[PDB]
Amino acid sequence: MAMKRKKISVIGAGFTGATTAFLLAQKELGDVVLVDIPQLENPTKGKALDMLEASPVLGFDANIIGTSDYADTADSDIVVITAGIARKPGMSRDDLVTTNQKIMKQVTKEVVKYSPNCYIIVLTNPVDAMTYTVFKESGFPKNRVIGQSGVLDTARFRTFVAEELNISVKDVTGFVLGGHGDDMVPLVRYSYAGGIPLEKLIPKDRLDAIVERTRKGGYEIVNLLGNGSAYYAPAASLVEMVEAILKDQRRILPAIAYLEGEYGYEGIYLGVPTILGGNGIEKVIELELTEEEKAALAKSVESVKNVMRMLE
C-alpha cells in the first residue's frame, strides 16, 4: 500500500560497480546496495559512504550501503553483476571463462536466495557465457537474465563517428549484433548521422577503421590506463539498461538475450536487437540480414558455442 523505492544491488565494488552505484543513486532510480567479498568489506563501505555524503550537495534522495552480507540484498528489484576479471590483450579466453564462471555460480546462488523475483543484468566477461551461466544457475525465465555488450560497443562507435563528422553524438546511431571484438557484427547500413546512412558520408576505408577501432575499443582504454579496464562508459551502459527496466521504457537496445529460434539459433545467449521494459527482455527483434551479415553472425555464434564448451 506504501510507495516504496526500487532496490538495486550492484555486485562487485571495483571501478565499474562503484561508478554504476553512484550514477543510479544520483538519478534516484532507487536505493543501492554495493556488494563485494568479505575481505573487501571496508573499502566497499568507504565507497558507499562517500557516495551517500555527496547526496546533500547533488540533492538526490537515495540510500547507498556497502556490504559483504547478501542478506542486505533481500528483495532487490534488479541486481547488476560486475564481479570478476576484465578483458585484456593476449589473455587466455579459457582462463577468463574458468575463474569467472565459478564467480557467476557463487554470486547467482546468493542473489536468488535473497531476491527470488529479481531481474539480473550481467557485465562479467566473457558476457555471453557468463550471462548463460547466471541464466542456468538462477533457474529464471529468459526475460529476467540480461547481458550488457551492445550498448557499450554502439557508444564507442557513435563517439568515433561523432568526432569524425564533428556533430552531436545525440544524432549519430550504431547497430551491433553479437559480442565484443572479432564476435562483433555491426550493421553500418543501419547506422546514421541525423537519419543519413554513414555509408553516404564516410569512405569505406575510414568506416572500416572506425569499425576495427570499435572492435578493440576496450583494449584502447586498457592501453591508456596501464593497470585497469574501462569503467565510465561500461557503467553508463548498465545504467541505461537498468533505467529501461525500472521505468518500463520499452527501449530498443542491443542486449545479450537467450535465443529459442530467433535468427535460426537456439540454446544460446547472443547480442541481438531487443525491446527492454518492466518485464526485462519483452522481445528479441529478428532483422532480414543479407547473405554476408548472416555469414558474419554464424561466425560470431561458433565463437559463442566455443566459449560455452569451456564451461565446466
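Don't overthink the numbering: it's just position in the shown sequence, from 1.
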_Quick check on the record: does 84-92 or 153-161 carry the larger mean Cα temperature factor?_
84-92
_Can you tell me whether 174-182 has a higher mean C-alpha B factor than 94-102 in this record, or the other way round?_
94-102
*Of the options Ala230, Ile202, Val239, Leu224, which has the highest CA B factor as deposited?*
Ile202
_Just the C-alpha B-factor column, please: which of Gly66, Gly30, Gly261, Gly277 has the biggest number?_
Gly261
*Divide the modelled residues of the chain into thirds by Cα B-factor and specify which third, lowest, middle or highest, holds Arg206.*
highest
*asked:* Split into thirds by Cα B-factor across the chain's modelled residues, where does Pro141 land: lowest, middle or highest?
replied: middle
*Lowest, middle or highest third of the chain for the C-alpha temperature factor of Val122?*
lowest
*Based on the entry's values, in what third of the chain does the Cα temperature factor of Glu286 lie: lowest, middle or highest?*
highest
_For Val188, the third of its chain into which the C-alpha B factor falls_ = middle
